[PDB]
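Each ligand, and each atom within it, is numbered from 1 in the order the structure gives. Both backbone and side-chain heavy atoms feed into the values below; hydrogens, waters and symmetry mates do not. Residue numbers begin at 1 in each chain, while the letters A, B, ... track the order of the sequences.
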Protein chains: 4
Amino acid sequence: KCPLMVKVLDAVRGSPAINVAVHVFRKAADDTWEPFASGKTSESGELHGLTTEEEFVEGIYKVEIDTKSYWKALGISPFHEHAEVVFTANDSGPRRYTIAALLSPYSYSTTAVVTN
Amino acid sequence: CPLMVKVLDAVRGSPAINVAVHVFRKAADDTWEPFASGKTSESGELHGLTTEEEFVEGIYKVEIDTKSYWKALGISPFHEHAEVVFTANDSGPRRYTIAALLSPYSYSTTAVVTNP
Amino acid sequence: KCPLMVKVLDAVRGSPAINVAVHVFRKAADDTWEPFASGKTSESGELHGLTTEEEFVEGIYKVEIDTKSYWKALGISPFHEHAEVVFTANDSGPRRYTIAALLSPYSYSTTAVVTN
Amino acid sequence: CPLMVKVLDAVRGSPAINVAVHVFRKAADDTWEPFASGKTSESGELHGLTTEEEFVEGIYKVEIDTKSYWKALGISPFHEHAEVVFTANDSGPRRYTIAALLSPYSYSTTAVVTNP
Ligand SMILES: O=C(O)CCON=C1c2ccccc2-c2ccccc21
Ligand SMILES: O=C(O)CCON=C1c2ccccc2-c2ccccc21
């Protein structure tokens, strides 16, 4: 909710993308990705409550949005296995990161909106 | 070829073929005058709309008839058309590619401008 | 607020696009665009209160987002005069239209999120 | 040329030149193996990464090193890189164009897939 929030929209139906699985990982010292947090988007296509200010320290993070299962459930053949968003969290910046993703079967866009 | 239009379909991951495109130029009386038109090819591209001589400085609108496109595929889309409005050649002649990426409830448009 | 809301984001700064002028028009019987509603986006990049359920009847509407002035204020040279979103409002659909726009100097995307 | 990568800069309205691109293929042990790499040309395109013979069915990741790109232009961007993960050739060989459109806090990626 507070420091990291994910929002997913469906460009085909013009709707929130509901029940999309989302996994967050943090990069470890041996360069592997450690599970950090996960959830499914709500009816408003949002996922809040992933982490806390205390836990969300500087580091490299990856957000993986399971887009292929979403399109499969709709009966629409998709290109990507999942959308991945990789970034370094930085304390000098604003306190709240919203990772937004706009999905189509053969294309996606992602935007970070970083606010105080 | 100072003006080229390229249209892609984000649902099918393909060129958007046979899409109507109308170009207008703003007249002295602030009205939109017809300038040129055509339909995208099998590669989703429309070349030959104008010439360097004809393509003078001015404000231009490129209307891409996306609703007709989606309707012919059985889809009822949100937008009537994608409109792209810009001032051209104000620093001297340039080569413009107007790209549009289409989904039923979303589109994006990008200009790629090169100095000949 | 209720039936029509506009949201604008800045892809360069990863922020809401604040103080962007937005004009809405409705198409008249003589095929001209009549001013309908307008405003400036807030600090959260949103514009609410444009119209009411009573006033927002079926018809063709155009939302014009004054992107060029926004980029000029930032000292960044932009391509488009403005982003235009043209659509037919339809009572058979959901009750609430959010027109979202993601802005970069040479590209923009727009998405309609239509909800109940 | 079964795999081509095209990268555009949405701030400058130009090809994104000299951008590093790394392709990986998922191995039998579920790890990512290096497959091919290169840098975009003056046209923002990268051709010649692979051959029809080499490009067998599998899961592929295309990593586009967008952070290095923006840094060299004086911009500190949000993402580390744009990642594009997909299953290839599962219905037989195809020709794939992976396009990426870049802004400092946003990117979009689109696949255009043609049957030879
Ligand atoms: O943090 C903030 O101020 C808001 C975070 O973003 N909200 C977004 C939002 C809300 C409603 C409908 C569409 C969108 C959207 C589309 C593309 C990109 C971002 C956003
Ligand atoms: O937004 C996105 O994901 C991509 C938007 O552009 N795609 C483009 C694209 C895709 C395949 C082949 C050629 C082109 C191209 C040429 C000139 C200008 C733009 C684009």
Answer with side chain, backbone, both or neither: which part of B/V112 has a heavy atom less than 4.0 angstrom from an atom of ligand 2? side chain
Using a 4.0 Å cut-off to any heavy atom of A/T98, which atoms of ligand 1 qualify? 1 (O), 5 (C)
Look at the aromatic rings of A/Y108 and A/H80 and report parallel, tilted or perpendicular, splitting at 30° and 60°. perpendicular
Atom 13 (C) of ligand 2: protein heavy atom closer than 4.0 Å? yes
Would you check whether A/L102 reaches within less than 4.0 Å of ligand 1, judged by its heavy atoms? no
If you measure only the distance, is there a donor-acceptor pair under 3.5 Å linking the side chains of C/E81 and B/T87? yes
I need the atoms of ligand 1 closer than 4.0 Å to a non-hydrogen atom of A/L9, numbered in the order shown. 13 (C), 14 (C), 15 (C), 16 (C)
Looking at A/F87 versus D/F78, is the centre-to-centre ring distance below 6.0 Å? yes
Ligand 1 contact on A/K7 by region, counting heavy-atom pairs under 4.0 Å: side chain
Could you tell me whether the side chains of A/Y70 and A/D10 share a donor-acceptor contact shorter than 3.5 Å? yes
If only atom types and distance count, is the side chain of C/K40 paired as donor or acceptor with the main-chain N or O of C/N19 below 3.5 Å? yes
Which ligand 2 atoms, with their elements, are less than 4.0 angstrom from a heavy-atom of D/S108? 1 (O), 2 (C), 3 (O)
Locate the shortest heavy-atom distance separating B/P77 from B/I75; write the atom from each residue and the value. CD-O, 3.3 Å
Out of all atoms in ligand 1, which are within 4.0 Å of some heavy atom of A/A100? Include the element for each. 18 (C), 19 (C)
Numbering the atoms of ligand 2 from 1, which are under 4.0 Å from a heavy atom of D/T110? 2 (C), 3 (O), 4 (C)
Measuring centre to centre across the rings, with the benzene-like ring taken for any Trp, is B/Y60 within less than 6.0 Å of B/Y96? no
